[PDB]
Amino acid sequence: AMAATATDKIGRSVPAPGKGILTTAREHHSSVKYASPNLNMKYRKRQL
Amino acid sequence: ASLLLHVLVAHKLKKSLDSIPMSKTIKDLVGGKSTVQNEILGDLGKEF
Ligand SMILES: *P(=O)(O)OCC(C)(C)[C@@H](O)C(=O)NCCC(=O)NCCS
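Protein chains in written order, with the working numbering: chain Z, -15 to 32; chain F, 5 to 52.
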């Protein structure tokens, strides 16, 4: 379903593990009061 | 113990005695290189 890679940030320890892969869950919550047709499969289907 | 510690930490970072000031910490002198911090702490435990 998904496959992703991420680097982390400025650093000086090559073997230290980091949180770049957190980015796979990135999404924008500034405007979120009403549900989004794009997430609703019935809508997507109707459009197809 | 100040000559012995200065020399062991200086020789590990591969720098002359004047390059390493005694006022600075092991974490400071090492930068982010925690691989080298673990070696200095292992060497100080072996020594004293
Ligand atoms: P520093 O704070 O980066 O410490 C060096 C370390 C080698 C002891 C540390 O970074 C470490 O535990 N590295 C291995 C992390 C790990 O298991 N990542 C997955 C593949 S080994």
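We put the beta carbon where it would ideally sit given N, CA and C, even for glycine.
Asked                                                                                                               : Found
Beta-carbon gap between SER(-3) of chain Z and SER38 of chain F smaller than 8 Å                                    : yes
Partner residues on chain Z for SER6 of chain F, Cβ-Cβ distance less than 9 Å                                       : Ordered by position in chain Z, no residue passes the 9 Å Cβ test against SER6 of chain F, which lies about 27 Å from the chain.
N-terminal and C-terminal residue of the alpha helix (DSSP H) that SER6 of chain F is part of                       : 6 to 16
Residues within the region 35 to 48 of chain F neighbouring chain Z, beta-carbon criterion of under 8 Å             : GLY35, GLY36, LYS37, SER38 and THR39
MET26 of chain F (DSSP reduced to helix, strand or coil)                                                            : coil
Below-8 Å beta-carbon distance, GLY(-5) of chain Z vs any chain F residue                                           : yes
Cβ neighbours of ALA(-10) of chain Z in the same chain (closer than 6 Å, five flanking residues each side left out) : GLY4, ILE5 and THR7
8 Å contact criterion, which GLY(-5) of chain Z and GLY36 of chain F should meet: CB distance rounded               : 6 Å
Coarse secondary structure for residue 39 of chain Z, derived from DSSP in three states                             : In the structure as shown, chain Z starts at -15 and stops at 32, and residue 39 of chain Z therefore has no counterpart that could be examined.
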